[PDB]
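One chain is shown next in structure tokens, namely the form deposited without this ligand.
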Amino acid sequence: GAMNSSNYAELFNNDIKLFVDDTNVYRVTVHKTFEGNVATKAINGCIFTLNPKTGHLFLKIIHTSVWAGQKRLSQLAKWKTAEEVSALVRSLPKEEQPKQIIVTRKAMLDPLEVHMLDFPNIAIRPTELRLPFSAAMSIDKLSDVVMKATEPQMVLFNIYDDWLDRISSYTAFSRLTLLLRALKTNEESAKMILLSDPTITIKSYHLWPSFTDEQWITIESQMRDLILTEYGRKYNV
């Protein structure tokens, strides 16, 4: 059924699965009109679809043109996410199609279920985990390709860079969730942490800096300090 800490290890077994986050699909700025009213202007968005085992990220850019003349955009966004997840599955070879798709928000369940009726043997599941994938747009290269796009576009990334060469999926997922959680709680401090040392570089074909194992531990510790603190600065403790 729903995914949680009691079945956490299932994500790294050998069943192909994808997480789907829709939190950055429909994005707006809210501003004042000449008449002193309020209006939204949409900006480009993305669907974050992620294989947690391999780190493959199928970033579907959502161009603001897809909203022109549409009503009830927040509800349309969920359906448009389902239409695009479904299209991605249909484009994959059969041996590559997921056996489960896990949505990060329960409102996606009916939309995806309906778009995936043709795949009775793919399970569409929610989760109780509070995953920080919304912060995906605090990764500069991801934000860059999204904001520069002028038409709909599917871009492929490995969100784990080369990590699996040296660590397990379990551990790479754990690092990713800690970085993103830090980014979500205090983006500025999170980012200062990652780039402070200018000798450590981000390789052109990577998203995160080239840290040694030792530097990663320091980084990971510092992100923990941040998350607890901001949780202090937040609850005064």
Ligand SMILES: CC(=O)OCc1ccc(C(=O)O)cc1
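For clarity, a rigid core is taken as the largest C-alpha set superposing within 1.5 Å between two forms. Sequential numbering from 1, following the sequence displayed.
**Student:** Output the stretch, either 225-233 or 212-220, that has more C-alpha displacement from this form in 9 other deposited structures of this protein following superposition by the rigid core.
**Tutor:** The answer is 225-233, which departs more from the shown form in 9 other deposited structures of this protein.
**Student:** Out of 26-34 and 185-193, which one drifts farther from the shown form in 9 other deposited structures of this protein in terms of CA positions, with the fit done on the rigid core?
**Tutor:** Once the cores are fitted, 26-34 deviates more in 9 other deposited structures of this protein.
**Student:** Could you check the entry and say whether 58-66 or 205-213 has the higher mean CA B-factor?
**Tutor:** The entry gives the higher C-alpha B-factor average to 205-213.
**Student:** Highest mean C-alpha temperature factor of the two stretches 128-136 and 158-166, which is it?
**Tutor:** Of 128-136 and 158-166, the stretch with the higher C-alpha B-factor average is 128-136.
**Student:** Could you tell me which third, lowest, middle or highest, the C-alpha B-factor of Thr218 occupies within its chain?
**Tutor:** Highest third, going by the recorded CA B-factors of the chain.
**Student:** Ranked by Cα temperature factor within the chain, is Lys141 in the lowest third, the middle third or the highest third?
**Tutor:** Within its chain, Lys141 is a highest-third residue by C-alpha B-factor, going by the deposited values.
**Student:** Select lowest, middle or highest to describe the third in which the CA B-factor of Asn186 falls within its chain in this entry.
**Tutor:** As the PDB entry reports it, the C-alpha B-factor of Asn186 lands in the highest third of its chain.
**Student:** Going by the CA temperature factor in the PDB record, which third of the chain does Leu176 belong to: lowest, middle or highest?
**Tutor:** Lowest third, going by the recorded CA B-factors of the chain.
**Student:** Considering every modelled residue of the chain and its Cα B-factor in the PDB entry, is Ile16 in the lowest, middle or highest third?
**Tutor:** Its C-alpha B-factor belongs to the middle third of this chain's values.
Same protein, other form: the form solved in complex with this ligand, not shown, and the subject of what follows.
**Student:** Open site or blocked site for this ligand in this chain, with its pose taken in the deposited bound form and fitted by superposition, and blocked meaning 3 or more ligand atoms within 2.4 Å of backbone or C-beta?
**Tutor:** Blocked: 3+ ligand atoms clash with backbone or C-beta.
**Student:** Quick one: does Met147 come within 4.5 Å of this ligand in the deposited bound form, counting heavy atoms only?
**Tutor:** Output for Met147 is no: heavy atoms all beyond 4.5 Å of this ligand.
**Student:** With a cut-off of 4.5 Å between heavy atoms, is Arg125 one of the residues that contacts this ligand in the deposited bound form?
**Tutor:** Yes, contact at 4.5 Å.
**Student:** Closest heavy atom of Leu109 to this ligand in the deposited bound form, within 4.5 Å or not?
**Tutor:** Result no; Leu109 lies far from this ligand in the deposited bound form.
**Student:** Going through 8-27 from first to last, which residues have a non-hydrogen atom within 4.5 Å of this ligand in the deposited bound form?
**Tutor:** Counting only heavy atoms within 4.5 Å of this ligand in the deposited bound form, the contacting residues of 8-27 are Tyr8, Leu11.
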